[PDB]
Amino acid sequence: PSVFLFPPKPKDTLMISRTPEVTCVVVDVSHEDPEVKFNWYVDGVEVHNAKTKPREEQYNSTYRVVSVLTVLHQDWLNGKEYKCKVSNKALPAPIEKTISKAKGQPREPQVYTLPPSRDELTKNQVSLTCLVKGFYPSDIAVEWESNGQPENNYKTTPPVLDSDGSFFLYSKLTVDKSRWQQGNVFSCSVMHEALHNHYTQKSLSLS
């Protein structure tokens, strides 16, 4: 019997309209003695609002049981600790796992948009670059928009640890050169805990 404790989806923690949840999964439950009890604690205080699902048999003759605890937007961002305790008559002691948001002093990202390189302006499609740097912790979301619609022809690098202990990344949006020359406004949209309302956007256009 092993326990895995998963954090909420990062975007779910940065948008007050969403519902972040922590997920506790127990595997290798022997379906001879498959009795499983979950206890949940927030900063050591037991809470009772988790939603545990019925066990599901696995093809390897073991059971798997999942319990989901909803977490408050402010609680997660304020560093509360979530402990999942799993009890079972086959273990010499209960299994405990604790999780929290990534720790450390927060640092606000600086968001910079970079136009296509001059040499790239000869190609049929061009690269629009969004540099996000100086942020901590590394949890972040980046998307692109133009004229009130998503621009989804982009790829974003993972966060990279910079020499000052903050993170940076780059996002690359590829557009037809004609749309760049025509002067459309493209926006790099960034979500990170340390931005005001966890959100900022920076625009990019021919100039």
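Numbering starts at 1 and follows the sequence shown.
156-164 and 56-64 differ in mean CA B-factor, and the higher of the two is recorded for 56-64.
Just going by the entry, 179-187 versus 194-202 on mean CA temperature factor gives the higher value to 179-187. Of the residues listed, 91, 132, 114, 71, the entry assigns the biggest Cα temperature factor to 91. Looking only at 151, 28, 43, 139, the residue with the top Cα B factor in the deposited structure is 28. Annotation for residue 174: CA B-factor lies in the middle third of the chain's modelled residues. In this PDB entry, residue 127 carries a Cα temperature factor that places it within the middle third of its chain's modelled residues. In the PDB entry, a CA B factor belonging to the middle third of its chain's modelled residues is recorded for residue 97. Ranked by Cα temperature factor within the chain, residue 83 sits in the middle third according to the deposited record.
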